[PDB]
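K.L.:
Sharing a structure here in structure tokens format.
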Amino acid sequence: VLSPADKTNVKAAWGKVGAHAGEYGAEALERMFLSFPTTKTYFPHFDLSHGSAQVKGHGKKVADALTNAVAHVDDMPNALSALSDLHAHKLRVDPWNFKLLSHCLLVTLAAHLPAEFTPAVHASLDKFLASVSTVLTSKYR
Amino acid sequence: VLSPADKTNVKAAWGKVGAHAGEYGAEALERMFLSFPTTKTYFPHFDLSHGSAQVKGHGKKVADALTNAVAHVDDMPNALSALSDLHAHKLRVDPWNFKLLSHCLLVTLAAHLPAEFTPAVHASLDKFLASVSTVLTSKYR
Amino acid sequence: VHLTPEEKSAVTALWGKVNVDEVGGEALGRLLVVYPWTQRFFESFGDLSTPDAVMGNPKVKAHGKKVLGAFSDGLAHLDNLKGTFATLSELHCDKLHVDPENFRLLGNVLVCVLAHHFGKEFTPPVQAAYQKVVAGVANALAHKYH
Amino acid sequence: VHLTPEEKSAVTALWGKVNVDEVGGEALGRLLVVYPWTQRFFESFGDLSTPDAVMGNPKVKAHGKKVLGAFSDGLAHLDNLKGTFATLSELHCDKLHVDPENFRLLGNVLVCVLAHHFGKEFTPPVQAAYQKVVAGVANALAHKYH
Ligand code: HEM
Ligand code: HEM
Ligand code: HEM
Ligand code: HEM
């Protein structure tokens, strides 16, 4: 359950991300592939080389979706409906992996937002990513 | 979410548990303590030996809550409200543990309901226990 | 993995009454029904749209038998699960691209199946010994991922 | 666990620039703030009503120093984590009753803190090396649970 204060912290923090969203999304993916190798099993068709266009492009897609969620934090289920169906019916990623990507997104934000990553914002961002993950795996069965 | 078929399956299976619910609750706990020893860290004040009346008494309370949840399957958040506050703010049980108890409840049910534990009912009960677990950990932060 | 003389006897004794063909098919079938996303690895198996479809699928039964058979071999080498499954670990990673988390789910489903099948004989202590085994097999299979 | 020579060097090098007491208080504080249920063991620490209260609590800071100091001394024995934390493992299980899941949470919070602290110097490869270290430490602290 995201509280009003949580939504304020997330919108403020994401705003600062601004135009680096895609670049940060790419970094988060690279951090995941290196730290948790088993997540690579879902991208055997990708060139997972550092700086690959495939990863940069995917990172931008991931960030745009998160941006969309922050914009509609009060109605994430409806806002991410399409992505929810896609992950549940087509991709079928085991739910465990969402926690790993969320963690890597947190580390990326921490490394790029020195002034904004306070303990309270850290807490709100973690809750936010968990909510997004929950919405994305809600139609699995 | 729980579909009408899921609800039908859970009510039918639980109806079968009937007056044995308490005894099954105790067995589930015993299975959990022996299979996942780390869960014992939350009951240092209990005598966890086999046959313990403490485990038996606690088993009946867990079962009664599950019975209450089944009776209000379409209003679990309110029906389990006090239990959610308790686990979140007093006991503070790491959420990971709910998956361990859910699994042990399923195993206990499988061992006592040969005829009713069909693959479809098995799936419905797992969804049900996951929903109960979600409600019980919703106020953690 | 490390099992006490008691846990070892419990595991082996119970396995002697297991019809691998029968149990394997039940375990894999329930995995695909209870955790549907695991179906992503068996697109070529046919119809898996319903529990009855999944449970009746001959390809599922066939594969289930293969999996439990290899699992059976591990029970014979509980002292060296890592070396025993090294080749299969590499295969599941490099060729099959199977998320090791799936090994954990199958282990849990197998325990439910043994409980369903054996009833009261599958006592808390016996389950405890089996949870150690499936966790060891799952970690042995994920050992070669990179 | 098994770290390559280059991975050990990255961990060691980065650590030499860490203010153990400072990072220790920061990590434990954030743990209690981000995952509030971990507060259960520190009722006697006083006021933990708000993030500022937690971060500013002298007892929280004191414990963080204690915890990170032990972690620090463990980095000298990367090749023998289990032996190094054997007694502390026993203590956390038998006397403190600390769910090992808490060690995993602290490990992730520590990594976030190092990233916040070092920024761009906390590269993906450096993070990967530290992830292995915190997972190794958490495993070593949970090894003697029974
Ligand atoms: C924060 C949660 C996540 C978000 C917001 C997210 C978002 C997306 C989006 C927007 C797409 C592309 C949609 C399109 O191009 O039509 C996508 C595709 C996909 N996602 Fe996720 N995703 C998340 C987590 C995961 C996780 C945890 C994994 C796996 C470890 C994963 C694996 C995939 C794969 C393999 C694809 C398809 C890639 C391709 O073949 O092009 N996703 N995701
Ligand atoms: C299906 C999930 C669960 C249900 C329905 C449930 C239900 C309950 C109920 C009814 C109580 C007793 C409250 C009272 O006496 O007023 C309780 C207490 C408690 N629960 Fe849970 N619980 C669940 C899971 C957990 C888990 C996973 C753990 C930890 C491994 C846990 C640990 C405890 C503890 C330590 C107490 C206090 C017992 C005492 O000291 O008397 N609960 N729970
Ligand atoms: C944990 C116990 C498991 C064991 C011991 C195991 C064992 C095996 C064995 C012996 C093969 C046959 C390889 C061959 O004949 O060339 C195989 C193939 C395969 N396994 Fe596993 N496996 C296990 C779990 C899983 C799980 C949980 C999944 C995914 C949900 C999986 C997916 C596959 C697939 C997709 C194949 C190839 C089937 C085909 O040829 O179409 N395995 N496994
Ligand atoms: C890297 C992880 C950790 C290490 C190396 C570690 C280390 C220590 C050390 C060295 C002590 C003092 C032992 C003594 O008094 O002889 C201690 C005490 C304790 N630890 Fe841990 N610990 C860790 C994580 C945790 C976590 C995450 C919690 C709980 C959230 C925890 C809770 C406690 C408590 C409650 C005490 C007792 C404090 C007191 O009585 O003053 N520890 N730990």
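Count begins at 1; order follows the chain as displayed.
So how was this one determined? The header says X-ray crystallography, 1.9 Å.
A Cβ is built for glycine as well, from the same backbone N, Cα and C atoms used for every other residue.
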K.L.:
Looking at glycation site as annotated by Swiss-Prot, pick the matching residue from D:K95, D:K120.
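P.N.:
Checking Swiss-Prot against D:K95, D:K120, the glycation site entry points to D:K120.
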K.L.:
Of D:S9, D:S89, which does Swiss-Prot mark as phosphoserine?
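P.N.:
Residue annotated phosphoserine in Swiss-Prot: D:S9.
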K.L.:
What does Swiss-Prot list, out of D:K61, D:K65, D:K82, as binding the same (2R)-2,3-bisphosphoglycerate as D:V1, D:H2, D:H143?
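P.N.:
Among the candidates, Swiss-Prot records only D:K82 at this (2R)-2,3-bisphosphoglycerate site.
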K.L.:
Out of D:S44, D:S49, report back the residue that Swiss-Prot marks as phosphoserine.
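P.N.:
Annotation hit in Swiss-Prot: D:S44.
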K.L.:
If you measure D:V1 (glycation site) to D:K8 (glycation site) at Cα, how many Å is it?
P.N.:
11
K.L.:
Just checking a number: largest C-alpha distance across D:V1, D:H2, D:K82, D:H143 for the (2R)-2,3-bisphosphoglycerate site, rounded to a whole Å.
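P.N.:
The (2R)-2,3-bisphosphoglycerate-binding residues span at most 17 Å between Cα atoms.
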K.L.:
In three-state terms from DSSP, label D:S9 (phosphoserine) for me.
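P.N.:
Note: D:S9 (phosphoserine) is helical by DSSP.
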K.L.:
Measure from the Cα of D:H143 ((2R)-2,3-bisphosphoglycerate binding site) to the Cα of every one of the recorded positions D:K8, D:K17, D:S44, D:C93, D:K120, then give the nearest.
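P.N.:
If we rank D:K8, D:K17, D:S44, D:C93, D:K120 by Cα distance to D:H143 ((2R)-2,3-bisphosphoglycerate binding site), first place goes to D:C93.
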K.L.:
Count the other Cβ atoms sitting within 10 Å of the Cβ of D:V1 (glycation site), across every protein chain shown.
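P.N.:
Step by step: centre on the Cβ of D:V1 (glycation site), count other Cβ atoms within 10 Å, giving 11.
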K.L.:
Across all the protein chains here, work out how many other Cβ atoms are within 10 Å of the Cβ of D:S9 (phosphoserine).
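P.N.:
A count of 12.
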K.L.:
Calculate the distance in Å between the alpha carbons (Cα) of D:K17 (glycation site) and D:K120 (glycation site), and round it to a whole number.
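P.N.:
About 14 Å separates the two Cα atoms.
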